[PDB]
Amino acid sequence: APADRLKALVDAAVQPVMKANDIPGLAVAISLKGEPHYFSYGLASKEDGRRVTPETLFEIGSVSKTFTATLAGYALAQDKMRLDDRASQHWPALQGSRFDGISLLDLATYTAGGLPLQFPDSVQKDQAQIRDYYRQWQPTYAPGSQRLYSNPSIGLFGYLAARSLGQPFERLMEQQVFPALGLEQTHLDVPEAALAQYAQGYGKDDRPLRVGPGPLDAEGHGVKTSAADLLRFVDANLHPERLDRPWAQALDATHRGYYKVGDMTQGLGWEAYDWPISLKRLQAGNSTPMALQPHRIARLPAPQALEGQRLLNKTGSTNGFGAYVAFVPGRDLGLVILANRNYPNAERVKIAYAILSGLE
Ligand SMILES: *[B]([O])([O])[C][N]C(=O)/C(=N\OC([C])([C])C([O])=O)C1=[C]SC([N])=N1
């Protein structure tokens, strides 16, 4: 009966949303009382009929920002940086720029003063172009005052965290972060040997979309992973105390809230809500206006532990993929939903809410 009930719950949440949003393939992984459960639907590739499994690799887009925050958490644990550091401390090219007056915390939490959602099209994946872009950039409003969700903002945070550790970002992620977290199916650059597991992404007219190069792409949206590996990452987040101590501290650093916008408390990578909370409020926290417009923050007098009766989440999108991760620290509950269409955040949250409500 119990395995039948869980399958019925997840099928009832997933199947209508896959039909309504024409999602070719979707992987669910659930962590329930320390036990993993996997549900795989549809096709990783429509053209060759490859089915989704818990080992299928998906682009997770901005869920990558929780990995970037974890690497920064490692630099903080090693005393190589502090969140109150001026950004220009970690990159001499930025000395004399407005980054002399912007903190690593501002970059991590999208409050540097109006860094845009994307690098402009004029900035290619080129060290000199990225350097020159930040050197010339000027805030629209006071650093620390307004949240504007931004790839160049947390991209620079990750890039400077890597500089504080004296190694390239991509090398630190591959050689230290993924191995420390026990992740062997998690990649910034998918090996040839794993390419057969890499799902196709689907956009308009089912145009095929796997992400190409972009400025600070690894830091912003670089990760490809399986549902089973991303659930291992969720399980590390639910139990940081099981990791070697520097990595436990690295994960804990991502569970600290700095300010509120509406119902949402902003951490490093993770965004948190009180739990329980209505489905409409969790949808509103993950809405297009939340992501695309500036919002005045309500700064907390001291950082808040993101634990207990809270849901931590992150959405992630690329042109061809739509990911969502949520976990409830106080209930030892974790959920991963990976799809190979970029379908609306509201619909990702509808699946997640049905499952998390039904596990309770
Ligand atoms: B992360 O995945 O949130 C970063 N997202 C982006 O770079 C893109 N869109 O941002 C919004 C609209 C806020 C979103 O909901 O994801 C993005 C990159 S490629 C594409 N079609 N969208």
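All ligand and atom numbering here is 1-based and tracks the order in the structure. When reading the values below, keep in mind they use all heavy atoms of this one structure, side chains included, and skip hydrogens, waters and symmetry mates. We count residues from 1, following the sequence as given.
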(request) Determine if the distance from atom 11 (C) of ligand 1 to the closest protein heavy atom is below 4.0 Å. (result)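 Given the 4.0 Å limit, the answer for atom 11 (C) of ligand 1 is no, no protein heavy atom qualifies.
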(request) State whether any protein heavy atom lies less than 4.0 Å from atom 14 (C) of ligand 1. (result)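 Not a single protein heavy atom is under 4.0 Å away.
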(request) Find out whether the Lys NZ or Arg CZ of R348 is both under 6.0 angstrom from the six-membered ring centre of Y343 and within 45° of the ring's axis. (result)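 Yes, cation above the ring, under 6.0 Å and within 45°.
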(request) Cation-pi check, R210 to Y198: give yes when NZ or CZ is under 6.0 Å from the six-membered ring centre and within 45° of the ring axis, no otherwise. (result)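 Judged by the rule, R210 and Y198 form a cation-pi pair.
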(request) Measure the shortest side-chain to side-chain distance between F39 and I355 over non-hydrogen atoms and say whether it is less than 4.5 angstrom. (result)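 No, too far: nothing below the 4.5 Å cut-off.
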(message) I want to check something: taking the side chain as every heavy atom from C-beta on, are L172 and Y74 in contact at a cut-off of under 4.5 Å?
(response)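 No; the side chains remain at least 4.5 Å from each other.
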(request) Using modelled atom types only, decide if a donor and an acceptor are shared between the side chain of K350 and the backbone of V17 within a distance under 3.5 Å. (result)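 No, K350 side chain to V17 backbone: no donor-acceptor pair under 3.5 Å.
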(message) Please check: side-chain N/O of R310 versus main-chain N/O of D274, any donor-acceptor pairing under 3.5 Å?
(response)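 The answer is no, because no donor-acceptor pair under 3.5 Å joins these two groups.
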Quick one: which ligand 1 atoms are inside 4.0 Å of a heavy atom on [X]?
X    : value
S317 : 2 (O), 16 (O)
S62  : 1 (B), 2 (O), 3 (O), 4 (C), 5 (N)
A291 : 13 (C)
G316 : 2 (O)
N342 : 21 (N)

(message) So for ligand 1, is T315 a polar contact partner (N or O within less than 3.5 Å, distance only)?
(response)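 Between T315 and ligand 1 (N or O atoms, distance only) the closest approach is not under 3.5 Å.
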(request) May I ask you to check if ligand 1 and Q118 share an N or O to N or O distance below 3.5 Å? (result)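 Yes; the residue has a nitrogen or oxygen that sits under 3.5 Å from a nitrogen or oxygen of the ligand.
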(request) Anything under 30° is parallel, anything over 60° is perpendicular, the rest tilted; go ahead and classify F67 against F233. (result)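 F67 and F233: parallel rings.
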(message) I need the contact type for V63 against ligand 1. Using non-hydrogen atoms and a strict under-4.0 Å cut-off, is it side chain, backbone, both or neither?
(response)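 Within the 4.0 Å criterion, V63 makes no contact with ligand 1.
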(request) Answer side chain, backbone, both or neither: which part of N151 comes under 4.0 Å from ligand 1, heavy atoms only. (result)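 For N151, the contact with ligand 1 is made by the side chain alone.
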(message) Under a 3.5 Å threshold, yes or no: a donor from one side chain and an acceptor from the other, between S45 and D48?
(response)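 Their side chains do contain a donor-acceptor pair, which is all the 3.5 Å distance test asks for.
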(request) From the options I154, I60, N319, select the one whose nearest heavy atom is closest to atom 21 (N) of ligand 1. (result)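 Considering heavy atoms of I154, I60, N319, the nearest to atom 21 (N) of ligand 1 sits in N319.
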